[PDB]
């Protein structure tokens, strides 16, 4: 408000597949909209009171932190990995999201602590444990929502890289080049055994298990505690990659991991579940196989049915209907499901029918590619209602008592 040169006019800048700018005011307004959504259905009674969210700064993890805090009234500890604002170079979106979370939480009286560092590392587990002991005593819910392309193993020091490839045979997948805004095909060779192993190391359940084991050993997991890890399964359109490919092997590891975790927690009346959520735009969406095309089509079809929604709607429902509801949506493997609207048969049929019909010429009219691009920019604080993008904004935003 004070006319300061330190305030910046920040416009979206997409280079290749990533947005290199971030709007602090837009991020905060987005956090406020999510808080407002949770307030629509009011309080979440009989919910968790002391919640750890691993991967708490963006997407589903941020939505979980918001629903738990502003919905259930829970104190929260969030772990994330974000860049702080520095020498007039703004931070990452997740930084501003978490700062805004902190501001809103502080105003309401909801206790909030955050840890910024590599959640895969022992040092961060140790610091998070100390913070729980200091602020919470014990946690009654642990949400695991980490989506990292690589993992430096805490024991071996090996850096594992995740790969999105089919298994057994090559596949050829239609998609959108979001940079050139055109249809393309990507030929993907079958994953090697090393690629499969590395993908499991990054995206499977080992780190989640290490978290639970360490929390429990330190005595900071409450009797009756629940833990859930978020994932995506989708349906036929993307199954070669997201269900049967290298990523599928990581998800199978999550399913195996949760059975042991559940056995561990069930003794004291707790539980562990994999929760399956719908497809949404994420920061990595534009670079990964199939997704911009699949999302553009899915958005078109679900908007037409009035069932389109994003992270906060999904997670608020998951918490109310299933994780803390008396009639949870459960599948054959025992996963909690929030993705029913995506799996609607008429929805899947329409996406499938349109899949091979998209061309360079009809990209914008046959799909909701505009909506994909708008939701991509929302991740970085752009295009949010009520924000004046012509007004200068302060990049240097602090997070109180951040642990690093």
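Positions refer to the first chain, counted from 1.
In this entry, the higher average B-factor at the C-alpha atoms falls on 152-160, of the pair 152-160 and 293-301. Note on 43-51 vs 352-360: mean CA B-factor is higher in 43-51. When the C-alpha B factors of 182, 261, 229, 115 are read from the deposited coordinates, the top value falls at 182.
Across the residues 221, 201, 93, 323, the deposited record lists the maximum Cα B factor for 221. Annotation for residue 16: CA B-factor lies in the highest third of the chain's modelled residues.
Among all modelled residues in its chain, residue 369 ranks in the lowest third by Cα B-factor.
Sort the chain's modelled residues by C-alpha temperature factor and residue 37 lands in the highest third, per the entry.
For residue 186, the recorded CA temperature factor ranks within the highest third of the chain's modelled residues. For residue 141, the recorded CA temperature factor ranks within the lowest third of the chain's modelled residues.
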